[PDB]
Amino acid sequence: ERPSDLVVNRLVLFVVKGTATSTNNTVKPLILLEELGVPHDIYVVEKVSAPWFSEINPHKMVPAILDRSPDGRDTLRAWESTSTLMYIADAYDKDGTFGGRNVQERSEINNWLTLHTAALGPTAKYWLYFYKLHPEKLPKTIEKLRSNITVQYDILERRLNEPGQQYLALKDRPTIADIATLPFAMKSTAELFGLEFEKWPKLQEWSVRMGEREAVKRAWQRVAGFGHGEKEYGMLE
Amino acid sequence: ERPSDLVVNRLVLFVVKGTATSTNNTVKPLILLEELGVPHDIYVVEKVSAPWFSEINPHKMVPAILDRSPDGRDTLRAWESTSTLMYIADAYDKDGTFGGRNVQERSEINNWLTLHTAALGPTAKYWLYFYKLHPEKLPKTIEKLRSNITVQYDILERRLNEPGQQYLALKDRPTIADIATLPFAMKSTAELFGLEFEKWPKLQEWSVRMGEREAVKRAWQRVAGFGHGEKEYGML
């Protein structure tokens with residue numbers, strides 16, 4: 001039972017109204033879409049609890065993607081921020097600029113992408129849940145999760161102090177690993193966790209380097225603005 | 001400083017001595033290796049805190065993989081159980097039996113693989129940490145993680161209640177998504193969580209369906225035997 005304005009004529013990225021807390025995952029696919037210049041629409045979901053949405057993403061969160069298959073026979077879906085980067089890379093990164101060009105590049109890209117998807121990503125998600133969203137305060141839990149984030153930063157800092165290692169996965173250029181990691185390893189997010197981001201210098205330098213890319217800047221401007229235009233919810237134009 | 005017996009002639013899988021609790025992630029790549037018939041060696045790591053091992057996996061955990069590059073010039077590494085599954089698929093699953101043959105198959109495979117990697121996987125790990133390993137016991141934290149596990153089992157159950165959906169990602173066959181999920185979605189794990197696995201019948205039927213496969217049974221039998229043979233540690 002789909003809304004009237006939801007049509008998949010191309011890649012549709014499902015987001016929510018842009019706030020300080022809401023954009024950290026939805027920006028990831030948006031960065032890669034801007035990097036490759038993939039033609040896409042933005043659907044701002046009013047309620048992720050709406051039954052029509054759980055059909056797209058059964059976990060009932062954003063970002064989510066609908067896009068018709070290469071042959072046009074079926075409608076593809078991608079949900080979980082890591083899964084949306086992997087789909088966009090697969091479908092639109094022809095030369096593997098962000099997805100990797102051979103087995104050697106992909107081995108590292110998947111190591112560092114997966115590290116974020118399994119460690120920093122969920123730890124930071126659980127930190128924020130118990131910090132704000134949980135009905136009671138559990139500071140012993142919150143302290144241990146904060147302590148685990150410093151161990152993730154330690155591992156990222158270690159990697160970026162290896163010779164000529166400008167980016168997490170590859171030495172030469174950024175990848176879906178770097179895009180997936182950035183929003184949980186930059187000064188604004190470090191300050192939210194109550195950490196001094198200066199304690200991991202090569203990680204901070206890397207965060208600034210990624211931040212100065214135009215595709216990242218554009219993604220940050222756009223994701224903040226979604227649902228503050230005259231049309232608040234639904235497909236945007 | 002590398003150990004003497006650590007030579008990379010083929011794919012080397014890093015494991016620890018088999019117990020009930022130290023095999024749930026190392027079995028994942030071992031299942032895929034058995035499925036595809038990939039030539040490999042087993043290196044039983046005595047201590048994952050060893051400096052030489054953190055040069056392979058900086059997370060200081062098993063499973064990890066060292067392999068030769070396809071050209072044979074260099075040495076690759078794969079760490080985290082999900083990345084080991086992606087590497088093995090990338091390098092050896094050329095026809096895409098478990099990795100997916102087209103964008104559409106890989107869209108759903110990566111969806112259900114990542115759901116495990118991002119949700120049930122970390123949730124289960126954090127439940128187990130606070131439940132056993134944490135110095136103090138935090139019941140409200142333990143109860144909330146267990147509650148999130150039940151929500152994950154709900155999502156898996158719903159998907160397996162869809163018409164003809166015999167496996168999580170694809171209707172027709174099991175993929176790396178199914179392998180990554182199986183160890184955290186079977187009765188023994190449900191028993192451990194304190195849950196009646198009979199509550200999710202379609203998920204239970206799936207767990208049995210996966211458990212019956214030859215490669216899954218060989219993998220479980222091997223991962224329980226590692227470091228209980230003639231050689232306790234190092235290359236077998």
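Structure determination for this PDB entry is given in the record as X-ray crystallography, at a resolution of 2.5500 Å.

**Q** What am I meant to see in the packing of aromatic side chains here?
**A** Here a ring pair, both rings aromatic, is described through the centre-centre distance and the interplanar angle of the planes. This structure, assessed with the given rule, holds 27 aromatic pairs over all chains. Considering the side-chain rings of A:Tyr43 and A:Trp52, the 5.6 Å spacing of their centres and the 75° angle between planes classify their relative orientation as edge-to-face. Grouping residues by exposure puts A:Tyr43 and A:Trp52 together as buried. Every member of this aromatic cluster is reached through a ring pair, and the members are A:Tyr126, A:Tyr129, A:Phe130, B:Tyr126, B:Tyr129 and B:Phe130. Taking the ring centre of A:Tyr167 as reference, the NZ or CZ of A:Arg209 above it sits at 5.7 Å.

**Q** I would appreciate a short explanation of the pairing of strand β4 (residues 75-79) of chain B in the present structure.
**A** Consecutive side chains of a regular strand alternate in pointing toward one face of the sheet and then the other. Residue and element names in this part refer to chain B. Most of β4 sits out of view: four of its five residues are buried. Relative to β4, strand β3 (residues 64-68) runs antiparallel, the two sharing five bridges. Bridge pairing in β4 places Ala64 opposite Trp79. Connecting β3 to the antiparallel partner β4 that follows it, the hairpin turn spans six residues, and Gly72 within it adopts a positive phi of roughly 90°.

**Q** Would you mind showing me how to read helix α9 (residues 214-225) of chain A here?
**A** The α-helix advances 3.6 residues per turn, and as a result positions three or four apart in sequence lie on the same side. Residues and elements named next belong to chain A. Spanning 12 residues, α9 covers 17 Å between terminal C-alpha atoms, matching the ideal 16 Å at 1.5 Å per step. Within α9, burial applies to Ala215, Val216, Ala219 and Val223. Around the axis of α9, the buried residues are gathered within 95° of arc, so they sit on the same side. Those residues of α9 that are buried are in contact with α1 (27-36) and α8 (201-211). Downstream of α9 by one or two residues, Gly227 has phi in the positive range, about 90°.

The rules we used
- Residues numbered from 1 in each chain as written, not as in the entry; some residues may be left out.
- Chains lettered and ligands numbered in written order.
- Heavy atoms only, no water.
- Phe/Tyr/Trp six-rings, centres within 6.5 Å; stacked < 30°, edge-to-face > 60°.
- Buried < 20%, exposed > 50% of the residue type's maximum accessible area, 1.4 Å probe, protein only.
- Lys NZ or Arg CZ within 6 Å of the ring centre and 35° of its normal.
- Helix = DSSP H or I, 4+ residues; strand = E, 2+ residues; numbered from the N terminus.
- Pairing = 2+ DSSP bridges.
- Expected span 1.5 Å × (residues − 1).
- Arc of directions from axis to C-beta.
- Contact = heavy atoms within 4.5 Å.

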